[PDB]
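Colleague: The structure that follows is given in the form of structure tokens.
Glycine also receives a Cβ, built like all others from the backbone with ideal geometry; neighbour counts cover every protein chain displayed. Every number in this text was worked out from the coordinates using simple rules, so none of it is lab data.
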Amino acid sequence: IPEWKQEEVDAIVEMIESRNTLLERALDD
Amino acid sequence: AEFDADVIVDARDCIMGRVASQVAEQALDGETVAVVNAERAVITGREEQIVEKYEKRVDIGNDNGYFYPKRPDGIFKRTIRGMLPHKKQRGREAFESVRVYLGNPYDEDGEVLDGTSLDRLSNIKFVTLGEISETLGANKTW
Amino acid sequence: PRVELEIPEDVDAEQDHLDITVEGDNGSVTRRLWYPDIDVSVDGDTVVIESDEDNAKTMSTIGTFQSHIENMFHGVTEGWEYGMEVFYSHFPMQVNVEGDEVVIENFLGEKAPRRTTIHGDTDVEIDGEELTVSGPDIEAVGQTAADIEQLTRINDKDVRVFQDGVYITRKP
Amino acid sequence: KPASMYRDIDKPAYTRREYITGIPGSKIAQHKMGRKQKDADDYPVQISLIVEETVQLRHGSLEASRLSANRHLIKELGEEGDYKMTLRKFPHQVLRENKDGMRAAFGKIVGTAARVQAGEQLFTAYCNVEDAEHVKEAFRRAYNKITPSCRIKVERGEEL
RNA sequence: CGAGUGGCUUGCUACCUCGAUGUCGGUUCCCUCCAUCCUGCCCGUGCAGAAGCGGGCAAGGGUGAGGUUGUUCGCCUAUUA
RNA sequence: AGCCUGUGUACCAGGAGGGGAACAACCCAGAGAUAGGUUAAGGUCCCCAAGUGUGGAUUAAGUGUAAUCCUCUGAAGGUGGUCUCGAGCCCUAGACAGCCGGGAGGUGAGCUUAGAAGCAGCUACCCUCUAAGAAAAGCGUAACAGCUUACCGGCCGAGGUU
Ligand SMILES: CC(=O)NC[C@H]1CN(c2ccc(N3CCOCC3)c(F)c2)C(=O)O1
Ligand SMILES: [Cl-]
Ligand SMILES: [Cl-]
Ligand SMILES: [Cl-]
Ligand SMILES: [Cl-]
Ligand SMILES: [Cl-]
Ligand SMILES: [K+]
Ligand SMILES: [Mg+2]
Ligand SMILES: [Mg+2]
Ligand SMILES: [Mg+2]
Ligand SMILES: [Mg+2]
Ligand SMILES: [Mg+2]
Ligand SMILES: [Mg+2]
Ligand SMILES: [Mg+2]
Ligand code: NA
Ligand code: NA
Ligand code: NA
Ligand code: NA
Ligand code: NA
Ligand code: NA
Ligand code: NA
Ligand code: NA
Ligand code: NA
Ligand SMILES: [Sr+2]
Ligand SMILES: [Sr+2]
Ligand SMILES: [Sr+2]
Ligand SMILES: [Sr+2]
Ligand SMILES: [Sr+2]
Ligand SMILES: [Sr+2]
Ligand SMILES: [Sr+2]
Ligand SMILES: [Sr+2]
Ligand SMILES: [Sr+2]
Ligand SMILES: [Sr+2]
Ligand SMILES: [Sr+2]
Ligand SMILES: [Sr+2]
């Protein structure tokens, strides 16, 4: 439940809106 | 040369001490025993400390004398004598009706006494009588 | 514990009793893998190392049996090679293969030739100031190389000044 | 003289100064070290060296251990480091030596020692969570200069 | 400062022996121990080399002749691995 | 001290027999003769009467197979030899390790100093780009270079670490 990983999955989804697991995470959103 | 053995034991891969204890018990019961393949009998432990003990016995001595055997032949038979009152009539009789051999001079194949077998697959720390004799300096006549 | 090693298509591994033999295009290697209650067997397309015990001492040998077998796989296909270099400061050292042993002459001026016998089917090919030890048995090759370097060992004098000798340059 | 000569409690308590004279002075320079103006409560960590066997420790040994311990604490935290260590025992027991055979053998006075029951704290330090390991090292050097084995026990301290 | 091993020194004890277990030193002759002085093989060096210094394995062999002194010990001399 | 000198008690002395290798006082035991039986201490692989007994675990040193003791040694200190139990933290949102790639600029910070550029000394230690990167944790240089720790990404795939 690392917070920085959670904040990253968000930041990533943010740039997707406008690590690889984290990218695949955001893509899953 | 020719030994009417009521029992022929196969020492191969068998714990010497355990075999000897039974062969003694039987010789005292009147059985004529012939231990076969002595060179292949085995004794557990760390080869290094085992050999130190047998080498020490070879070095002990004096004018009175402490003749200790080097061949697997005698090593084994002396092992048995230490389990017999060989200085008593009944004891010397038992002992003398027991003989150890290198290889197997008989036609039959000796039997394997219960509890005396060693599983090579589950054991690495053990040594062969033949190996000990070779270290002691014996002439590998087997 | 049980580990399964899928054998390379290039190779074929047979084993009877405590001896395992691996053959490939580069040759064959036979080893004895004997340890209390560790059974090694060839189950068709894979080699199996298993035991009912899981103590540290047993686990140690299992992992050891594994690398020994994989090394055999590698040895019979790609093979093993160590590269060595002969170096001298004043006296031209002469390294040569003669028979089944490598002979070194004129080491530090010595009149008597230093030599060492080669282990197994290890090939020691020398070219100029370069040597290449190779073969399928890593044990045999590894030693031969090492032996060659040990052959110029010096204890009497300061090694920092007298650095002549052959050294392993590349470990496989 | 070997400590084997006096490390055991095999004699009556002999401490009455009113009936004993010529008692040598103690070699223990200090019982309170570090910043002795500050309280022990002012520290997050409290570590004590505990003796594991009942014994007698001659003042010569207390000085050697204390010294070899505080010395380390000084070398690692400075001549004024923020720590404080205490040697809580004093050598009350008087020691003799019969230095003429076994005739009129009562020994002449030769020294002093402190009786320590197993489980007791000989020394106790108070430091900040930082220097917690420096004191453990100081004690390691300390129990090397006294007869019994010892447990280095961290009392007040859970930054572990 | 602390922990030990040995049983060569010395002390302590008084267990053995006072219807007797003859001294010290030496000599001669035999066996042994290792805590190794040399020799063999090693490691480190404030190891360039040479010669050293320190340490490890190791008891197979060797460890001698002389001046004072009854001396043991030790001091001294020339040889010596 | 198998020492000297007290005290209480049981023992030897003056106490057999059984056990303890042997052994005045340690264990069982206090004993008329003779006989049968059952135990005690102690023991049951052989010597030597009785188990090569059962369920389970540990030990690899022949440790050990030595109740007591002048008699049976083994200490302070040390041990990633091995087995067992507990606590905290990290981990399939990929941990620990390894290997591959990145380790960037303002800028060789300022100061001192001929010089100093992460790294002689002193002060400070800020912000950019970014998925990372110290005003530099350790080497290295005359000073640079060079070599790496921090820190990030990949490969891998299961426990790891205190
Ligand atoms: C002959 C004799 O008396 N035999 C009976 C005993 C005593 N003893 C003995 C005692 C003292 C001495 N000495 C030696 C030198 O210092 C003075 C006493 C001694 F030589 C010998 C010995 O061996 O056996
Ligand atoms: Cl003899
Ligand atoms: Cl007899
Ligand atoms: Cl084994
Ligand atoms: Cl009675
Ligand atoms: Cl033994
Ligand atoms: K006498
Ligand atoms: Mg007397
Ligand atoms: Mg030695
Ligand atoms: Mg030299
Ligand atoms: Mg000799
Ligand atoms: Mg009497
Ligand atoms: Mg019987
Ligand atoms: Mg023992
Ligand atoms: Na045995
Ligand atoms: Na003999
Ligand atoms: Na007197
Ligand atoms: Na001693
Ligand atoms: Na010798
Ligand atoms: Na002289
Ligand atoms: Na009585
Ligand atoms: Na008896
Ligand atoms: Na033993
Ligand atoms: Sr039987
Ligand atoms: Sr006392
Ligand atoms: Sr201690
Ligand atoms: Sr020795
Ligand atoms: Sr030498
Ligand atoms: Sr003398
Ligand atoms: Sr003198
Ligand atoms: Sr049994
Ligand atoms: Sr069992
Ligand atoms: Sr005795
Ligand atoms: Sr004891
Ligand atoms: Sr200890």
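Colleague: Which of the numbered conditions does B:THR79 fail, given that it passes all the others? Conditions: (1) within 16 Å of ligand 4 (Cβ to nearest atom); (2) within 10 Å of the chain's Cα centre (by Cα); (3) of a type outside the set (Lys, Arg).
Modeller: Exception for B:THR79: condition (1).
Colleague: Here's something else I'd like to know. Within the stretch D:76-106, track down each residue that is more than 16 Å from ligand 17 (Cβ to nearest atom) and more than 20 Å from the chain's Cα centre (by Cα).
Modeller: Of all residues in the stretch D:76-106, those more than 16 Å from ligand 17 (Cβ to nearest atom) come to D:76-97.
The answer is D:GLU76, D:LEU77, D:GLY78, D:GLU79, D:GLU80, D:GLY81, D:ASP82, D:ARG96, D:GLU97.
Colleague: Return the pairs, sorted by first residue and then second, in which the second residue is of a type in the set (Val, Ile, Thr) and within 16 Å of ligand 6 (Cβ to nearest atom), the first residue lies in the stretch B:113-124 and is more than 9 Å from chain C (Cβ to nearest Cβ), the beta carbons are less than 6 Å apart, and the residues are 6+ apart or on different chains.
Modeller: Qualifying pairs under 6 Å: B:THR116/B:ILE15; B:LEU118/B:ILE15; B:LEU118/B:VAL42.
Colleague: Residues to consider are B:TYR68, B:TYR54, B:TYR101; find the one that is out of contact with any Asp or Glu (no Cβ under 8 Å at 6 or more places or on another chain) and away from RNA strand F (no atom under 15 Å from the Cβ). Write out each step before concluding.
Modeller: On the way: B:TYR54 fails: away from RNA strand F (no atom under 15 Å from the Cβ); B:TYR101 fails: out of contact with any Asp or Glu (no Cβ under 8 Å at 6 or more places or on another chain).
That would be B:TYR68, the only listed residue that is out of contact with any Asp or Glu (no Cβ under 8 Å at 6 or more places or on another chain) and away from RNA strand F (no atom under 15 Å from the Cβ).
Colleague: Right, here's the next one. Test each condition in (1) small (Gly, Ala, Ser); (2) in a helix (DSSP H, G or I); (3) under 17 Å from the mean Cα position of the chain (by Cα) for B:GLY115 and report the one that comes out false.
Modeller: (2)
Colleague: Further question on the same structure: Could you name every one of the strands (runs of 3 or more DSSP E) located completely within the stretch D:40-134 that has at least 1 residues being farther than 30 Å from D:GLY22 by Cβ and touching a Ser or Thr at 6+ places or on another chain (Cβ under 9 Å)?
Modeller: Per the criteria, D:45-51, D:84-87, D:121-127.
Colleague: A follow-up question, please. Could you run through the stretch C:39-57 and say how many residues are within 14 Å of chain B (Cβ to nearest Cβ), buried (at least 17 other Cβ atoms within 10 Å of the Cβ) and out of contact with any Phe, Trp or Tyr (no Cβ under 7 Å at 6 or more places or on another chain)?
Modeller: Number satisfying all stated conditions: 1.
Colleague: Taking the stated definitions as given, is B:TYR106 within 16 Å of ligand 16 (Cβ to nearest atom) and either surrounded by 14 or more Cβ atoms within 10 Å (Cβ to Cβ) or farther than 21 Å from B:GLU134 by Cβ (or both)?
Modeller: no
Colleague: Name the single residue, out of those in the stretch C:47-83 being assigned to a strand (DSSP E or B) and under 24 Å from the mean Cα position of the chain (by Cα), that is farthest from C:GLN15 (Cα to Cα).
Modeller: We begin by selecting, within the stretch C:47-83, every residue assigned to a strand (DSSP E or B); these are C:47-50, C:80-83.
Next cut, under 24 Å from the mean Cα position of the chain (by Cα) only: C:47-49, C:80-83.
On the way: C:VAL47: 9, C:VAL48: 11, C:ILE49: 12, C:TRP80: 22, C:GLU81: 26, C:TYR82: 28, C:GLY83: 32 Å.
Of everything passing the filter in the stretch C:47-83, C:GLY83 is farthest from C:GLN15 (Cα to Cα).
Colleague: More than 14 Å from chain B (Cβ to nearest Cβ) and within 17 Å of C:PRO136 (Cβ to Cβ): does that describe C:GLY79?
Modeller: yes
Colleague: State yes or no: is B:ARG92 of a type in the set (D, E, K, R) and closer than 24 Å to B:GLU131 by Cβ?
Modeller: Details: of a type in the set (D, E, K, R): yes; closer than 24 Å to B:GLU131 by Cβ: no.
Taking the combined requirement at face value, the residue does not satisfy it.
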